[PDB]
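Trainee:
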Amino acid sequence: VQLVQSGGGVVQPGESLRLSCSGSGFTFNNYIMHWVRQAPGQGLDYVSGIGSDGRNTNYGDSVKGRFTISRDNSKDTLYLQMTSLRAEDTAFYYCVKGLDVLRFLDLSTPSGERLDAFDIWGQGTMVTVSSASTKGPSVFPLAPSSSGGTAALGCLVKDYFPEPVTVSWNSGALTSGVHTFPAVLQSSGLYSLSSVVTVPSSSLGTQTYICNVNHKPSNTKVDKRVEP
Amino acid sequence: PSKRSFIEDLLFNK
Amino acid sequence: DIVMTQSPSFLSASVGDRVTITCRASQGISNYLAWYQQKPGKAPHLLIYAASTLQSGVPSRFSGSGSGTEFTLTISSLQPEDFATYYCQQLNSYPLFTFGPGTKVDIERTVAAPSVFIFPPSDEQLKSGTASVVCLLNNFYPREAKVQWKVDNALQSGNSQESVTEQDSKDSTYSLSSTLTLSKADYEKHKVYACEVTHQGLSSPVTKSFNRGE
Numbered sequence: 002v003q004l005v006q007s008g009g010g011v012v013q014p015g016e017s018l019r020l021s022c023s024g025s026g027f028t029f030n031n032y033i034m035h036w037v038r039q040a041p042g043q044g045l046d047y048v049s050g051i052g053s054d055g056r057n058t059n060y061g062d063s064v065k066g067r068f069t070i071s072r073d074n075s076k077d078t079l080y081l082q083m084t085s086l087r088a089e090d091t092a093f094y095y096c097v098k099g100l101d102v103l104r105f106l107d108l109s110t111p112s113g114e115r116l117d118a119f120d121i122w123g124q125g126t127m128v129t130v131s132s133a134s135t136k137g138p139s140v141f142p143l144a145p146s147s151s152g153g154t155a156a157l158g159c160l161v162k163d164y165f166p167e168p169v170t171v172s173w174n175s176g177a178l179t180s181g182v183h184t185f186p187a188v189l190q191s192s193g194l195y196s197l198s199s200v201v202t203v204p205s206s207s208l209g210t211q212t213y214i215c216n217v218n219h220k221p222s223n224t225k226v227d228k229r230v231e232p
Numbered sequence: 812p813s814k815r816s817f818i819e820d821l822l823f824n825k
Numbered sequence: 001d002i003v004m005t006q007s008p009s010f011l012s013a014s015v016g017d018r019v020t021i022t023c024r025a026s027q028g029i030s031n032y033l034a035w036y037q038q039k040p041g042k043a044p045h046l047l048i049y050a051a052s053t054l055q056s057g058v059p060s061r062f063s064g065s066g067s068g069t070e071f072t073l074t075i076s077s078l079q080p081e082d083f084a085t086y087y088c089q090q091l092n093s094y095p096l097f098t099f100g101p102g103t104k105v106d107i108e109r110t111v112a113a114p115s116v117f118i119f120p121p122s123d124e125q126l127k128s129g130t131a132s133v134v135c136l137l138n139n140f141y142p143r144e145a146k147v148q149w150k151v152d153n154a155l156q157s158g159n160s161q162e163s164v165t166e167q168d169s170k171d172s173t174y175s176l177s178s179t180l181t182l183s184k185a186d187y188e189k190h191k192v193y194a195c196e197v198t199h200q201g202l203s204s205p206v207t208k209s210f211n212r213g214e
């Protein structure tokens with residue numbers, strides 16, 4: 002029993018995107034179906050809901066008039082049609098199985114062993130709305146300068165779109181003390197990421213440290229040696 | 812016109 | 001619609017501690033309230049519905065209470081799998097539902113001060129026409145930390161960005177990375193670049209600085 006989502010990706014503002022949610026293992030025709038979105042680092046926000054027959058729909062105020070929810074019961078699939086997309090619509094989108102209205106009493110007066118609602122969720126779909134275009138990252142070293153026998157060094161992965169980037173140290177040989185931070189979205193519309201590692205100060209002369217940054221969307225692979 | 816259909820009409824337009 | 005609030009936003013507890021999370025509704029929702037758990041990389045899964053009723057398969061340590069405006073979620077003894085974010089959901093307006101902002105529970109630890117390191121812009125980046133100064137706060141607990149950038153003693157605002165890692169699985173600490181972004185011209189106009197760190201582990205705020213070009 003599962004909800005499997007398809008679609009999503011990176012689109013420019015004003016373009017349209019369609020999300021699909023396919024169900025199996027439950028009687029799709031009986032339940033209200035919902036769409037929920039979670040912006041990065043934020044809470045869960047209501048998007049839209051559709052009745053079992055499809056005649057009834059409700060929407061969040063932010064998406065009303067721009068978003069349309071639809072279902073094809075013959076294929077056990079839920080759809081969200083997103084138009085005039087804005088940067089604010091950037092979020093991780095979830096489809097959730099809702100309540101069969103014949104069991105509305107369960108919300109306030111539970112009658113069964115379980116609540117037959119909000120029990121199945123989709124895996125989620127990332128939707129990023131940006132005017133930016135695919136750009137490879139610039140990799141800059143964070144050189145170890147002149151603490152307690154341990155020195156900090158790292159790499160600055162800057163001005164790349166879109167997510168994600170993978171950062172490894174010494175081709176995966178160095179993993180202890182490595183901290184790869186979450187990227188931040190700059191006002192330019194490009195992401196910037198930092199990766200640091202703490203190493204013994206004595207090792208700086210002997211051991212060479214290289215950060216390996218792979219950006220699959222731009223096919224960019226940069227290996228940058230960080231020298232003292 | 813099932814009962815589930817009308818109850819959804821009542822809840823969505825309540 | 002109905003606005004749901006949760007206090008506190010962040011919570012620290014040890015394994016074996018008792019955790020109580022609060023949810024408040026802007027208007028009376030009777031017992032039309034559910035509780036959810038979300039862990040990073042996973043969808044939220046239902047714990048409690050009708051304020052006090054446990055969903056099937058949910059451990060007995062979770063319990064819920066309240067009717068009307070004020071609601072409570074209680075984990076009698078926190079278990080290692082319990083560290084996560086907890087959301088309340090009002091169902092009074094179903095088919096419309098709204099969530100609370102959430103309470104995030106992380107593992108409690110002895111206070112650990114951050115190790116602060118400042119990294120000047122690389123020579124490679126400076127040729128490109130921009131200067132990025134990176135300040136690293138390593139392995140601190142708790143997560144609350146203030147980084148203040150100072151350029152020739154002038155407090156900087158709006159030209160810095162920071163991000164925090166998730167709590168380390170081994171030592172349960174946090175690390176913070178802050179980046180100050182300036183144009184090469186603005187970078188070359190000033191000499192002293194400082195990163196001021198305020199943390200509970202520090203008796204006084206710690207400043208790490210460098211002179212441009214040294």
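Protein chains in written order, with the authors' numbering: chain A, 2 to 147, 151 to 232; chain C, 812 to 825; chain B, 1 to 214.
From the three backbone atoms N, C-alpha and C, an ideal C-beta is built for every residue, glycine too.
1) Use the C-beta contact count for C/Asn824: other C-beta atoms within 10 angstroms, 16 or more gives buried, fewer gives exposed.
2) Starting from A/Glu16, trace the beta strand (DSSP E) both ways and give me its first and last residue.
3) Report the residue from B/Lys208, B/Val134, B/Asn139 whose alpha carbon sits nearest the alpha carbon of B/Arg109.
4) How would you write the range of the alpha helix (DSSP H) that B/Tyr187 sits in, first residue to last?
5) Determine, using beta-carbon pairs with one atom in the segment 19-34 of chain B and one in the segment 60-72 of chain B, whether at least three such pairs fall under 8 Å.
6) Mapping the DSSP letters down to three states, classify A/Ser222 as helix, strand or coil.
7) If we require 3 or more residues per run, which beta strand (DSSP E) segments fall completely within the segment 29-104 of chain B?
8) Against chain A, does C/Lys814 count as a neighbour if the rule is that its beta carbon must be under 8 Å from one of theirs?
9) Determine the extent of the beta strand (DSSP E) in which B/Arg24 is found, giving its start and end residues.
10) When the cut-off is 8 Å and only beta carbons count, does A/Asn74 lie next to chain C?
11) For A/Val2, does the three-state DSSP call read helix, strand or coil?
12) Check whether the Cβ atoms of B/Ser175 and B/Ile118 lie closer than 8 Å to each other.
13) Please confirm whether A/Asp77 has its beta-carbon closer than 8 Å to some beta-carbon of chain C.
14) Three Cβ pairs or more, each shorter than 8 Å: is that satisfied between the segment 93-111 of chain A and the segment 133-140 of chain A?
15) So is B/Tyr86 in contact with chain A if we call contact Cβ pairs under 8 Å?
16) Tell me, please, whether the CB atom of A/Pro142 is closer than 8 Å to any CB atom in chain B?
17) Mapping DSSP to helix, strand and coil, what is A/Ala88?
18) Does the Cβ-Cβ distance between B/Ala84 and B/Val105 come in under 8 Å?
19) I think A/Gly24 touches A/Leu18, with their Cβ atoms under 8 Å apart; what is that distance to the nearest whole Å?
Mentor: In short:
1) Residue environment: C/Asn824 is assigned as exposed (fewer than 16 neighbouring CB atoms within 10 Å of its CB, all protein chains considered).
2) Unbroken run through A/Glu16: none, as it is neither H nor E.
3) Out of B/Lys208, B/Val134, B/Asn139, the CA that lies nearest to the CA of B/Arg109 is found in B/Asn139.
4) From DSSP, the alpha helix (DSSP H) with B/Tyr187 extends over 184-189.
5) Three or more pairs of CB atoms, one per stretch, sit closer than 8 Å, so the segment 19-34 of chain B contacts the segment 60-72 of chain B.
6) Coil.
7) Entirely contained in the segment 29-104 of chain B, the beta strand (DSSP E) runs reaching 3 residues are, in chain order, 33-38, 45-49, 62-65, 70-75, 85-90.
8) Under the Cβ criterion of 8 Å, C/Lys814 is counted among the residues facing chain A.
9) DSSP places B/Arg24 inside the beta strand (DSSP E), whose first and last residues are 19-25.
10) False, the Cβ-Cβ gap to chain C never drops below 8 Å.
11) Three-state DSSP puts A/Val2 in coil, outside helix and strand.
12) Not a contact, by the Cβ cut-off of 8 Å.
13) Not closer than 8 Å to any Cβ of chain C, the Cβ of A/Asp77 fails to qualify, so no.
14) Counting Cβ pairs under 8 Å, fewer than three are found: no touch.
15) For B/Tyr86, no Cβ of chain A is located within less than 8 Å of the residue's own Cβ.
16) So, interface residue.
17) Judged by DSSP in its simplified three-state form, A/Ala88 adopts helix.
18) In contact: B/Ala84 and B/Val105 (Cβ atoms closer than 8 Å).
19) Contact flag wrong, Cβ pair sits at about 21 Å.
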